file model.txt (compact mmCIF, C-alpha atoms and all ligand atoms)
# COMPACT_ATOMS: atom_id res chain seq x y z
CA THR X 1 17.45 -5.47 -27.53
CA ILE X 2 15.33 -3.85 -24.81
CA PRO X 3 12.27 -1.95 -26.11
CA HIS X 4 12.17 1.75 -25.23
CA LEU X 5 8.81 3.28 -24.33
CA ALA X 6 7.72 6.88 -23.78
CA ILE X 7 4.89 5.94 -21.38
CA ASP X 8 5.02 8.01 -18.19
CA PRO X 9 3.59 5.76 -15.43
CA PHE X 10 3.46 8.78 -13.08
CA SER X 11 1.37 11.02 -15.36
CA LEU X 12 -2.20 11.98 -14.50
CA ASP X 13 -3.42 10.36 -17.74
CA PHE X 14 -1.84 7.06 -16.70
CA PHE X 15 -3.32 7.23 -13.19
CA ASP X 16 -6.77 7.94 -14.63
CA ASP X 17 -6.75 4.66 -16.56
CA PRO X 18 -3.57 2.59 -16.25
CA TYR X 19 -4.75 -0.69 -17.70
CA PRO X 20 -4.14 -0.20 -21.46
CA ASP X 21 -0.65 1.19 -20.86
CA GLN X 22 0.10 -1.65 -18.42
CA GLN X 23 -0.77 -4.17 -21.14
CA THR X 24 1.48 -2.25 -23.54
CA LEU X 25 4.29 -2.46 -20.95
CA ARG X 26 3.75 -6.20 -20.42
CA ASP X 27 3.48 -7.07 -24.09
CA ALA X 28 6.48 -5.02 -25.22
CA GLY X 29 8.79 -7.52 -23.50
CA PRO X 30 9.79 -8.93 -20.10
CA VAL X 31 12.04 -5.88 -19.52
CA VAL X 32 11.41 -2.39 -20.91
CA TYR X 33 13.32 0.89 -20.73
CA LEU X 34 11.25 3.96 -19.78
CA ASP X 35 12.88 6.89 -21.60
CA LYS X 36 10.86 9.45 -19.62
CA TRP X 37 12.71 8.69 -16.37
CA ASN X 38 15.77 6.62 -17.44
CA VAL X 39 14.72 3.48 -15.54
CA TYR X 40 14.12 -0.14 -16.40
CA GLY X 41 10.60 -1.48 -15.99
CA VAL X 42 9.13 -4.91 -15.35
CA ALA X 43 5.36 -5.31 -15.66
CA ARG X 44 4.80 -9.08 -15.98
CA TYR X 45 4.17 -11.23 -12.91
CA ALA X 46 7.23 -13.44 -13.52
CA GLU X 47 9.85 -10.64 -13.57
CA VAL X 48 8.20 -8.62 -10.78
CA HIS X 49 8.22 -11.73 -8.59
CA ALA X 50 11.84 -12.52 -9.53
CA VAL X 51 13.00 -8.98 -8.72
CA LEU X 52 11.18 -8.91 -5.37
CA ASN X 53 12.76 -12.23 -4.38
CA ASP X 54 16.39 -11.31 -5.16
CA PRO X 55 17.10 -8.49 -2.67
CA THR X 56 20.87 -8.97 -2.97
CA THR X 57 20.84 -8.02 -6.65
CA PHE X 58 17.82 -5.68 -6.55
CA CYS X 59 18.44 -3.80 -3.34
CA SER X 60 16.29 -1.41 -1.30
CA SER X 61 18.98 0.58 0.58
CA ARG X 62 19.51 2.90 -2.39
CA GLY X 63 15.81 3.82 -2.13
CA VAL X 64 12.55 2.27 -3.33
CA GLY X 65 11.56 5.49 -5.08
CA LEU X 66 13.07 6.93 -8.24
CA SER X 67 15.81 8.74 -6.32
CA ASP X 68 19.07 6.82 -5.87
CA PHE X 69 20.39 7.49 -2.35
CA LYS X 70 23.91 6.96 -3.71
CA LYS X 71 23.36 10.07 -5.88
CA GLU X 72 20.88 12.27 -3.97
CA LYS X 73 20.07 12.93 -0.32
CA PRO X 74 16.84 11.21 0.83
CA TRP X 75 14.07 13.69 1.56
CA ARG X 76 13.82 12.29 5.13
CA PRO X 77 16.09 9.90 7.09
CA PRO X 78 15.81 6.44 5.51
CA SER X 79 13.35 3.96 6.90
CA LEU X 80 15.15 1.31 8.96
CA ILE X 81 13.05 -1.41 7.36
CA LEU X 82 11.71 -0.38 3.92
CA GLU X 83 14.94 1.29 2.82
CA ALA X 84 17.37 -1.24 4.31
CA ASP X 85 18.86 -4.46 3.03
CA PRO X 86 19.83 -7.61 4.91
CA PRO X 87 21.54 -7.92 7.29
CA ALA X 88 20.70 -4.42 8.60
CA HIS X 89 17.04 -5.00 7.68
CA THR X 90 16.70 -8.24 9.63
CA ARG X 91 16.47 -7.29 13.28
CA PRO X 92 14.20 -4.21 12.88
CA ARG X 93 11.98 -6.38 10.65
CA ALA X 94 11.78 -9.06 13.34
CA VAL X 95 10.69 -6.44 15.90
CA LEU X 96 7.88 -5.17 13.67
CA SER X 97 6.94 -8.79 12.94
CA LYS X 98 6.52 -9.40 16.67
CA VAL X 99 4.75 -6.09 17.32
CA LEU X 100 2.21 -6.89 14.55
CA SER X 101 2.25 -10.62 15.20
CA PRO X 102 -0.43 -13.29 14.76
CA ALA X 103 -0.74 -13.36 18.55
CA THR X 104 -1.13 -9.55 18.66
CA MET X 105 -4.14 -9.56 16.34
CA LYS X 106 -6.07 -11.43 19.05
CA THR X 107 -5.77 -8.45 21.41
CA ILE X 108 -7.27 -5.96 18.90
CA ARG X 109 -9.78 -8.00 16.85
CA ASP X 110 -12.85 -7.54 19.07
CA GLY X 111 -12.48 -3.76 19.12
CA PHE X 112 -11.76 -3.50 15.39
CA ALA X 113 -14.81 -5.64 14.63
CA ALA X 114 -17.11 -3.64 16.93
CA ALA X 115 -15.93 -0.39 15.34
CA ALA X 116 -16.60 -1.81 11.86
CA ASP X 117 -20.12 -2.89 12.80
CA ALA X 118 -20.78 0.46 14.47
CA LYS X 119 -19.64 2.39 11.40
CA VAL X 120 -21.85 0.41 9.05
CA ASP X 121 -24.84 0.89 11.38
CA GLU X 122 -24.14 4.63 11.48
CA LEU X 123 -23.80 4.83 7.70
CA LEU X 124 -27.08 2.92 7.21
CA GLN X 125 -28.87 5.64 9.19
CA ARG X 126 -27.74 8.20 6.60
CA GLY X 127 -28.33 5.92 3.59
CA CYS X 128 -26.46 8.05 1.04
CA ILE X 129 -22.79 8.44 2.04
CA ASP X 130 -19.35 8.95 0.55
CA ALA X 131 -17.63 5.57 0.78
CA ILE X 132 -14.22 7.26 0.88
CA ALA X 133 -14.52 10.03 3.50
CA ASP X 134 -17.28 8.31 5.45
CA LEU X 135 -16.07 4.69 5.36
CA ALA X 136 -12.67 3.97 3.81
CA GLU X 137 -11.12 6.93 5.65
CA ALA X 138 -13.37 7.12 8.70
CA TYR X 139 -13.08 3.47 9.74
CA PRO X 140 -9.23 3.21 9.80
CA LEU X 141 -9.08 6.62 11.46
CA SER X 142 -11.41 5.22 14.14
CA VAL X 143 -9.16 2.22 15.01
CA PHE X 144 -5.55 2.59 13.82
CA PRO X 145 -4.42 5.82 15.58
CA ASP X 146 -5.82 4.40 18.82
CA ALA X 147 -4.10 1.04 18.22
CA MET X 148 -0.85 2.98 17.73
CA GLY X 149 -1.38 4.76 21.04
CA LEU X 150 -1.56 8.30 19.60
CA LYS X 151 -3.15 11.18 21.45
CA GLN X 152 -6.28 12.71 19.92
CA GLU X 153 -4.80 16.12 19.08
CA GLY X 154 -3.17 16.48 15.69
CA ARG X 155 -4.45 13.31 14.03
CA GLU X 156 -5.46 15.43 11.02
CA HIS X 157 -1.74 15.35 10.10
CA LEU X 158 -1.70 11.58 9.52
CA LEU X 159 -3.31 11.22 6.10
CA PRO X 160 -1.42 14.26 4.66
CA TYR X 161 1.87 12.89 5.99
CA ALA X 162 1.27 9.47 4.46
CA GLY X 163 0.17 10.99 1.16
CA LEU X 164 3.44 12.94 1.17
CA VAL X 165 5.52 9.82 1.84
CA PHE X 166 3.91 7.90 -0.99
CA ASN X 167 4.16 10.86 -3.37
CA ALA X 168 7.87 11.14 -2.47
CA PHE X 169 8.66 7.70 -3.95
CA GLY X 170 7.77 9.15 -7.34
CA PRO X 171 9.84 11.12 -9.81
CA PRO X 172 10.34 14.87 -9.29
CA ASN X 173 7.05 15.82 -10.93
CA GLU X 174 4.58 18.39 -9.65
CA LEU X 175 2.79 15.89 -7.39
CA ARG X 176 6.09 15.25 -5.62
CA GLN X 177 7.29 18.87 -5.62
CA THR X 178 4.05 20.13 -4.10
CA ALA X 179 3.95 17.40 -1.45
CA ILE X 180 7.44 18.21 -0.20
CA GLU X 181 6.65 21.96 -0.27
CA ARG X 182 3.83 21.42 2.24
CA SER X 183 5.58 18.79 4.35
CA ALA X 184 7.11 20.66 7.32
CA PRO X 185 4.10 20.69 9.74
CA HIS X 186 3.19 17.05 9.10
CA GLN X 187 6.79 15.91 9.48
CA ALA X 188 7.06 17.83 12.76
CA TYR X 189 3.90 16.29 14.21
CA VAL X 190 4.84 12.74 13.17
CA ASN X 191 8.42 12.87 14.41
CA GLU X 192 7.17 14.11 17.80
CA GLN X 193 4.58 11.32 18.25
CA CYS X 194 7.35 8.76 17.68
CA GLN X 195 9.02 9.55 21.02
CA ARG X 196 8.34 7.05 23.79
CA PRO X 197 6.46 9.37 26.23
CA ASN X 198 3.91 10.25 23.54
CA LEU X 199 2.71 6.68 22.88
CA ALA X 200 0.01 5.28 25.13
CA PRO X 201 0.54 2.04 27.09
CA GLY X 202 -0.21 -1.18 25.28
CA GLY X 203 -0.34 0.25 21.75
CA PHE X 204 1.91 -0.59 18.81
CA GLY X 205 4.21 2.36 19.46
CA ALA X 206 4.83 1.49 23.10
CA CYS X 207 5.43 -2.12 22.11
CA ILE X 208 8.14 -1.07 19.64
CA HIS X 209 9.89 0.93 22.35
CA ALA X 210 9.55 -2.02 24.74
CA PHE X 211 11.67 -4.13 22.37
CA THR X 212 14.65 -1.81 22.83
CA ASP X 213 16.02 -3.83 25.76
CA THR X 214 16.12 -7.24 24.02
CA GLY X 215 19.14 -6.47 21.85
CA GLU X 216 17.12 -6.51 18.64
CA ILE X 217 16.90 -2.71 18.39
CA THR X 218 18.42 0.12 20.38
CA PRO X 219 16.39 2.97 21.91
CA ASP X 220 17.43 5.37 19.15
CA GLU X 221 15.98 3.00 16.53
CA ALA X 222 12.50 2.86 18.06
CA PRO X 223 11.20 6.29 16.92
CA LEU X 224 11.99 5.56 13.26
CA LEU X 225 10.18 2.22 13.50
CA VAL X 226 7.14 3.99 14.94
CA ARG X 227 7.56 6.37 12.00
CA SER X 228 7.32 3.38 9.66
CA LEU X 229 3.93 2.37 11.04
CA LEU X 230 2.58 5.94 10.87
CA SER X 231 3.82 6.25 7.28
CA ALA X 232 2.78 2.86 5.97
CA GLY X 233 -0.17 1.72 8.01
CA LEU X 234 -3.07 4.15 7.55
CA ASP X 235 -3.38 5.46 3.97
CA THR X 236 -2.70 1.99 2.56
CA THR X 237 -5.65 0.50 4.45
CA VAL X 238 -7.83 3.46 3.44
CA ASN X 239 -7.16 2.63 -0.20
CA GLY X 240 -7.50 -1.11 0.40
CA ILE X 241 -10.91 -0.78 2.02
CA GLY X 242 -11.91 1.80 -0.58
CA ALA X 243 -10.88 -0.66 -3.30
CA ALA X 244 -13.02 -3.40 -1.75
CA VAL X 245 -16.12 -1.20 -1.49
CA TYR X 246 -15.58 0.05 -5.05
CA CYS X 247 -15.34 -3.57 -6.21
CA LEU X 248 -18.52 -4.55 -4.38
CA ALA X 249 -20.29 -1.51 -5.84
CA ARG X 250 -19.26 -2.39 -9.40
CA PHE X 251 -19.75 -6.19 -9.15
CA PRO X 252 -23.13 -6.69 -7.40
CA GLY X 253 -23.05 -10.42 -8.11
CA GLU X 254 -20.00 -10.64 -5.88
CA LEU X 255 -21.69 -8.65 -3.12
CA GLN X 256 -24.54 -11.16 -3.30
CA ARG X 257 -22.12 -14.09 -2.94
CA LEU X 258 -20.48 -12.35 0.01
CA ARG X 259 -23.84 -11.80 1.72
CA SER X 260 -24.64 -15.48 1.27
CA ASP X 261 -21.33 -16.56 2.87
CA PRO X 262 -19.75 -13.87 5.06
CA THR X 263 -16.77 -16.14 5.72
CA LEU X 264 -15.61 -15.09 2.25
CA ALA X 265 -14.90 -11.62 3.76
CA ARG X 266 -11.16 -12.15 4.18
CA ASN X 267 -10.66 -13.46 0.64
CA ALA X 268 -12.97 -10.78 -0.79
CA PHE X 269 -10.61 -8.20 0.70
CA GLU X 270 -7.51 -10.04 -0.55
CA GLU X 271 -9.01 -10.14 -4.04
CA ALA X 272 -9.67 -6.39 -3.84
CA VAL X 273 -6.00 -5.87 -2.99
CA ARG X 274 -5.03 -7.89 -6.07
CA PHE X 275 -7.64 -6.26 -8.30
CA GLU X 276 -6.95 -2.63 -7.46
CA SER X 277 -3.41 -2.91 -6.00
CA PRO X 278 -3.49 0.18 -3.74
CA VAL X 279 0.32 0.24 -3.75
CA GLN X 280 0.94 0.31 -7.49
CA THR X 281 4.72 0.49 -7.85
CA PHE X 282 8.07 0.32 -6.11
CA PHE X 283 11.66 0.57 -7.33
CA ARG X 284 14.83 -1.42 -6.67
CA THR X 285 18.45 -0.58 -7.57
CA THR X 286 20.79 -3.13 -9.14
CA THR X 287 23.96 -3.88 -7.15
CA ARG X 288 25.70 -5.66 -10.06
CA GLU X 289 25.25 -6.32 -13.74
CA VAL X 290 22.38 -8.81 -14.03
CA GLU X 291 20.47 -10.80 -16.64
CA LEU X 292 16.70 -10.49 -16.19
CA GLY X 293 14.31 -11.91 -18.78
CA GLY X 294 17.07 -11.99 -21.41
CA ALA X 295 18.11 -8.36 -20.89
CA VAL X 296 21.43 -7.28 -19.38
CA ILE X 297 21.01 -4.49 -16.82
CA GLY X 298 24.08 -2.65 -15.58
CA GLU X 299 25.01 -1.95 -11.98
CA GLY X 300 23.41 1.00 -10.24
CA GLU X 301 20.25 1.07 -12.36
CA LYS X 302 16.74 1.72 -11.09
CA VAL X 303 14.16 -0.98 -11.83
CA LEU X 304 10.48 -0.03 -11.60
CA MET X 305 8.19 -2.90 -10.54
CA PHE X 306 4.55 -2.62 -11.64
CA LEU X 307 2.81 -4.51 -8.80
CA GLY X 308 -0.67 -3.68 -10.10
CA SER X 309 0.24 -4.88 -13.59
CA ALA X 310 1.75 -8.10 -12.24
CA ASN X 311 -1.55 -8.66 -10.41
CA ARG X 312 -3.42 -8.39 -13.74
CA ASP X 313 -0.99 -10.36 -15.91
CA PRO X 314 -2.91 -12.99 -17.95
CA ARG X 315 0.30 -15.07 -18.05
CA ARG X 316 -0.33 -15.71 -14.33
CA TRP X 317 -4.07 -15.10 -13.70
CA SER X 318 -7.21 -16.46 -15.33
CA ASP X 319 -9.62 -13.61 -16.15
CA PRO X 320 -7.35 -11.11 -14.37
CA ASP X 321 -9.74 -8.20 -14.99
CA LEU X 322 -12.58 -9.92 -13.12
CA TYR X 323 -13.20 -9.40 -9.41
CA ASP X 324 -13.76 -12.91 -8.01
CA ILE X 325 -14.07 -13.32 -4.26
CA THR X 326 -13.39 -17.07 -4.37
CA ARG X 327 -10.25 -16.71 -6.55
CA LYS X 328 -7.14 -18.45 -5.28
CA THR X 329 -5.34 -15.20 -4.51
CA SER X 330 -2.16 -16.63 -2.95
CA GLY X 331 0.89 -15.28 -4.74
CA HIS X 332 -0.45 -11.86 -5.68
CA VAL X 333 2.13 -9.11 -5.11
CA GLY X 334 -0.18 -6.38 -3.73
CA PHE X 335 1.67 -6.76 -0.40
CA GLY X 336 5.01 -7.44 -2.09
CA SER X 337 6.85 -10.75 -1.86
CA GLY X 338 9.91 -12.01 -0.02
CA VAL X 339 11.90 -10.41 2.76
CA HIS X 340 10.11 -7.03 2.63
CA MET X 341 6.61 -8.47 2.16
CA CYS X 342 4.24 -6.17 4.04
CA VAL X 343 5.00 -6.55 7.74
CA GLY X 344 1.60 -5.06 8.55
CA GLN X 345 -0.39 -7.45 6.32
CA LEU X 346 -2.15 -9.02 9.32
CA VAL X 347 -3.43 -5.61 10.45
CA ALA X 348 -4.52 -4.72 6.90
CA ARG X 349 -6.36 -8.02 6.49
CA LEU X 350 -8.01 -7.70 9.91
CA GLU X 351 -9.42 -4.24 9.10
CA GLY X 352 -10.51 -5.34 5.64
CA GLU X 353 -12.07 -8.58 6.87
CA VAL X 354 -14.11 -7.08 9.69
CA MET X 355 -15.37 -4.22 7.49
CA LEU X 356 -16.42 -6.59 4.71
CA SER X 357 -18.04 -8.84 7.34
CA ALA X 358 -20.08 -5.89 8.63
CA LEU X 359 -21.13 -5.08 5.04
CA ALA X 360 -21.89 -8.74 4.34
CA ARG X 361 -24.23 -8.99 7.33
CA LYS X 362 -25.88 -5.56 7.29
CA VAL X 363 -26.14 -4.30 3.68
CA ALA X 364 -28.30 -5.61 0.83
CA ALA X 365 -27.11 -3.34 -1.99
CA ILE X 366 -24.37 -0.81 -2.73
CA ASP X 367 -25.31 1.51 -5.59
CA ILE X 368 -23.12 4.28 -6.91
CA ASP X 369 -25.28 7.40 -6.92
CA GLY X 370 -22.96 10.31 -7.69
CA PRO X 371 -19.83 11.29 -9.61
CA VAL X 372 -16.82 9.11 -8.85
CA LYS X 373 -13.62 11.14 -8.33
CA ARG X 374 -10.14 9.64 -8.51
CA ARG X 375 -7.30 10.63 -6.16
CA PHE X 376 -3.86 11.04 -7.76
CA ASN X 377 -0.67 9.92 -5.98
CA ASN X 378 2.67 8.82 -7.40
CA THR X 379 2.47 5.44 -5.63
CA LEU X 380 -1.10 4.89 -4.33
CA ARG X 381 -4.17 4.10 -6.44
CA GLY X 382 -7.54 4.99 -4.98
CA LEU X 383 -10.56 7.24 -5.07
CA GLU X 384 -11.15 10.71 -3.67
CA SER X 385 -14.94 10.38 -3.60
CA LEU X 386 -17.27 7.38 -4.00
CA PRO X 387 -20.92 8.40 -3.49
CA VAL X 388 -23.02 5.32 -2.74
CA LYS X 389 -26.46 4.48 -1.47
CA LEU X 390 -26.39 1.65 1.10
CA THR X 391 -29.61 -0.37 1.28
CA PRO X 392 -30.05 -2.22 4.60
CA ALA X 393 -30.45 -5.99 4.70
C1 LIG X 401 -4.00 -2.82 2.12
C2 LIG X 401 -3.03 -2.34 2.92
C3 LIG X 401 -1.52 -2.43 2.59
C4 LIG X 401 -0.89 -2.61 1.41
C5 LIG X 401 -1.50 -2.78 -0.01
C6 LIG X 401 0.54 -2.62 1.65
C7 LIG X 401 1.53 -2.79 0.72
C8 LIG X 401 2.87 -3.04 1.03
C9 LIG X 401 3.90 -3.46 0.11
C10 LIG X 401 3.67 -3.69 -1.40
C11 LIG X 401 5.06 -3.60 0.79
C12 LIG X 401 6.43 -4.06 0.22
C13 LIG X 401 7.36 -2.89 -0.07
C14 LIG X 401 8.61 -3.33 -0.78
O1 LIG X 401 8.73 -4.52 -1.17
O2 LIG X 401 9.53 -2.47 -0.95
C15 LIG X 401 4.78 -3.26 2.17
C16 LIG X 401 5.70 -3.24 3.20
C17 LIG X 401 5.50 -2.68 4.43
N1 LIG X 401 4.28 -2.39 5.02
FE1 LIG X 401 2.49 -2.53 4.02
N2 LIG X 401 0.73 -2.44 3.00
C18 LIG X 401 -0.49 -2.32 3.61
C19 LIG X 401 -0.71 -2.16 4.97
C20 LIG X 401 0.25 -1.95 5.94
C21 LIG X 401 -0.02 -1.75 7.33
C22 LIG X 401 -1.45 -1.78 7.91
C23 LIG X 401 1.15 -1.55 7.96
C24 LIG X 401 1.46 -1.28 9.46
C25 LIG X 401 0.56 -1.32 10.45
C26 LIG X 401 2.20 -1.61 6.97
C27 LIG X 401 3.56 -1.45 7.18
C28 LIG X 401 4.51 -1.85 6.27
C29 LIG X 401 5.94 -1.79 6.45
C30 LIG X 401 6.59 -1.21 7.73
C31 LIG X 401 6.55 -2.27 5.36
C32 LIG X 401 8.07 -2.42 5.12
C33 LIG X 401 8.40 -3.90 5.39
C34 LIG X 401 9.83 -4.24 5.08
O3 LIG X 401 10.46 -3.45 4.34
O4 LIG X 401 10.34 -5.30 5.54
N3 LIG X 401 1.61 -1.89 5.75
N4 LIG X 401 3.45 -2.91 2.30
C1 LIG X 402 5.13 0.04 1.71
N1 LIG X 402 5.54 0.24 3.09
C2 LIG X 402 6.02 1.53 3.51
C3 LIG X 402 5.50 2.67 2.91
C4 LIG X 402 5.91 3.94 3.30
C5 LIG X 402 6.83 4.06 4.33
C6 LIG X 402 7.35 2.91 4.95
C7 LIG X 402 8.35 3.08 6.07
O1 LIG X 402 8.93 2.08 6.56
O2 LIG X 402 8.59 4.24 6.49
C8 LIG X 402 6.94 1.64 4.56
CL CL X 403 9.47 12.66 7.96

call {"tool": "encode", "arguments": {"input": "model.txt", "output": "C-alpha cells"}}
result
Amino acid sequence: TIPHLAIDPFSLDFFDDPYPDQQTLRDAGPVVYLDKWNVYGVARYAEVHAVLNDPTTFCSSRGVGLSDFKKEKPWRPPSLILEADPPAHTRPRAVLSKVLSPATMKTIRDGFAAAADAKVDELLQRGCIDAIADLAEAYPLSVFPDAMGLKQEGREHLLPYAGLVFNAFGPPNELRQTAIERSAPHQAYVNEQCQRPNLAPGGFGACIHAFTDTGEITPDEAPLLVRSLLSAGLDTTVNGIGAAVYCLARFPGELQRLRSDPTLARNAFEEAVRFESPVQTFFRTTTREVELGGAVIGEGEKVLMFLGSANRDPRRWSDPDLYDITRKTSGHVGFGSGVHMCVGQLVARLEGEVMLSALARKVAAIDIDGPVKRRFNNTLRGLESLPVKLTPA
C-alpha cells in the first residue's frame, strides 16, 4: 500500500538540489517508506503538520534523529526539551519560554539593532564581501554569544559544536561519522560554559540558572538547558539570515519592495525561513500503531518529517517556489509546530528583522559576484560562501 522509494534525503546529491526529489516524495503518496534507512517519510504539509501536532503518538523522547534511543545510546545526554515528551518536557520548556520571552526581547533589541546597522555600514566600506562569513556568520557571532553571557575565549568552538549537533540527527553516514570523530574539544568547551559561574550576569545563561529556585527546574537541569541554547540558537540563525540575503540577492524585485517599505523586514525574514527552511528535517518515533494518511504504521517506527518540503507543498501554498515578502506566512513549519515549536523563535526573528531593516535602509543592490558554494549538513540547509557586491543606497 505504501510506496517504497530509494531516495536518500541525506545524500550530497539531494542536498545540492532537493526540490525535484521532494516533489517526488510528495507526489508518491501522503506516506512513503524510505528503503535506504528503513523509516517512514511524510513530505506534504498536511501530514507533516499532523505529525508535529500529535506528540503523544509521534514522540520525541526516543530521539528526533534517525537513532532510536530505545535501541542505541544517544551520542550525548538527551536534551531536556528537544528530546523530551510531555509531561517531562513541560516545565523546562516554560523556563526557556520565560528566558526568551516577549518581555525579554525588549532588553536586547536596541543592541541587536545597533550591531546590525554597524555591520552593514562596515560591509558597505568593503563593497565586495562574502555574505556568509562576513554577514550571516559575523552578525550572530557579534550578538548571540554576548547575549548568552559567554566569555570571549573559545567562541570559535560554537559553530563547529552546533554543526556537529545538527549532523548527529542524521543517519550514520560519513557526514555524521566525521562530525562525531572531531567532537571531543567542542563538547568539552560547551559543557564547561554551561556551569553557572561561567555565564555573565543578565544574559540568557544566568537567567536559566536563576529559574532553579522557582520549582520549575532544579540546579542540575540548568546546564543542559544552557546547552540547548548553545546548540540550537546560533547556527540556525546563521542559516536563516544567510537564506534571507540569498533570497534578496536572487529576487531583486523583492529587495526593491523591501527598500520601499522597511516595515516588511520581519515578514521578509519569515518568508526566507519558509522558502529555504534552514532546518530541513526532523524525526519522530511512533508510540503505538497509527493510521496516517491511509497508511498503517506500527509501533516503534521512525517517521521523517520534511519541513522544507511541507513549506513548498502546492497543496498548501500558492506559488510555493516564489519568494514573496508580503506572503501570508503564518502556518509554515520552518520553526516546527505545536508543543516543541521553536522556543527561540522570538530571538531568531529579532536578529533577522533588524538585519533586513539595516539592509532595507542602507543598501540599493545585492549582486552575486562570485561562485556560490553550498554547505552540507544532515539537518541544516545553507551556503558556505555567497560572494556579493553591496551597492550603497
Ligand atoms: C532561523 C532560526 C531557527 C530555526 C529555523 C529553528 C528551527 C527550529 C525547529 C524546526 C524546532 C522544532 C524542533 C522539533 O519540533 O523537534 C526548533 C525548536 C527549538 N529551538 Fe529553534 N530554530 C531557530 C532558532 C532558534 C534560536 C535562536 C534558539 C535559541 C536562542 C532556538 C532554540 C530552540 C530550542 C531550545 C528548541 C526545542 C524546543 C522544544 O523542544 O520545545 N532556536 N527550532
Ligand atoms: C531545533 N532545536 C534544537 C536543535 C539542536 C539542539 C537542541 C537542544 O535542545 O539541545 C534543540
Ligand atoms: Cl555535547

call {"tool": "residues_around", "arguments": {"input": "model.txt", "residues": "residue X:172", "least_positions_apart": "4", "cutoff": "9 Å", "atoms": "all atoms listed in the file", "output": "VMD selection string"}}
result
chain X and resid 66 to 67 168 176 to 177

call {"tool": "atom_distance", "arguments": {"input": "model.txt", "atom1": "atom CA of residue X:384", "atom2": "atom CA of residue X:234"}}
result
15.3 Å

call {"tool": "residues_around", "arguments": {"input": "model.txt", "residues": "residue X:258", "least_positions_apart": "4", "cutoff": "12 Å", "atoms": "only C-alpha atoms", "output": "ChimeraX atom specification"}}
result
/X:244,247-248,251-254,262-269,324-326,353,356-365

call {"tool": "residues_near_point", "arguments": {"input": "model.txt", "point": "(20.4, -3.8, 4.4)", "cutoff": "10 Å", "atoms": "all atoms listed in the file", "output": "ChimeraX atom specification"}}
result
/X:55-56,59-62,80-90

call {"tool": "atom_distance", "arguments": {"input": "model.txt", "atom1": "atom CA of residue X:347", "atom2": "atom CA of residue X:114"}}
result
15.3 Å

call {"tool": "residues_near_ligand", "arguments": {"input": "model.txt", "ligand": "ligand LIG 401 (chain X)", "cutoff": "6 Å", "atoms": "all atoms listed in the file", "output": "mmCIF file with C-alpha atoms, in the frame of the given file"}}
result
data_model
loop_
_atom_site.group_PDB
_atom_site.id
_atom_site.type_symbol
_atom_site.label_atom_id
_atom_site.label_comp_id
_atom_site.auth_asym_id
_atom_site.auth_seq_id
_atom_site.Cartn_x
_atom_site.Cartn_y
_atom_site.Cartn_z
ATOM 1 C CA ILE X 81 13.050 -1.410 7.360
ATOM 2 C CA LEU X 82 11.710 -0.380 3.920
ATOM 3 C CA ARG X 93 11.980 -6.380 10.650
ATOM 4 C CA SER X 228 7.320 3.380 9.660
ATOM 5 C CA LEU X 229 3.930 2.370 11.040
ATOM 6 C CA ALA X 232 2.780 2.860 5.970
ATOM 7 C CA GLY X 233 -0.170 1.720 8.010
ATOM 8 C CA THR X 236 -2.700 1.990 2.560
ATOM 9 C CA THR X 237 -5.650 0.500 4.450
ATOM 10 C CA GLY X 240 -7.500 -1.110 0.400
ATOM 11 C CA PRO X 278 -3.490 0.180 -3.740
ATOM 12 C CA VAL X 279 0.320 0.240 -3.750
ATOM 13 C CA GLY X 334 -0.180 -6.380 -3.730
ATOM 14 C CA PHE X 335 1.670 -6.760 -0.400
ATOM 15 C CA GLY X 336 5.010 -7.440 -2.090
ATOM 16 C CA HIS X 340 10.110 -7.030 2.630
ATOM 17 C CA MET X 341 6.610 -8.470 2.160
ATOM 18 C CA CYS X 342 4.240 -6.170 4.040
ATOM 19 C CA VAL X 343 5.000 -6.550 7.740
ATOM 20 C CA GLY X 344 1.600 -5.060 8.550
ATOM 21 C CA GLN X 345 -0.390 -7.450 6.320
ATOM 22 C CA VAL X 347 -3.430 -5.610 10.450
ATOM 23 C CA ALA X 348 -4.520 -4.720 6.900
#

call {"tool": "atom_distance", "arguments": {"input": "model.txt", "atom1": "atom CA of residue X:226", "atom2": "atom CA of residue X:97"}}
result
12.9 Å

call {"tool": "residues_near_ligand", "arguments": {"input": "model.txt", "ligand": "ligand CL 403 (chain X)", "cutoff": "10 Å", "atoms": "all atoms listed in the file", "output": "list in words"}}
result
residues 75, 76, 77, 78, 79, 161, 162, 164, 165, 183, 184, 185, 186, 187, 188, 189, 190, 191, 224, 227, 228 and 231 of chain X

call {"tool": "residues_around", "arguments": {"input": "model.txt", "residues": "stretch 368-378 of chain X", "least_positions_apart": "6", "cutoff": "6 Å", "atoms": "only C-alpha atoms", "output": "list in words"}}
result
residues 10, 167, 170, 384, 385, 386, 387 and 388 of chain X
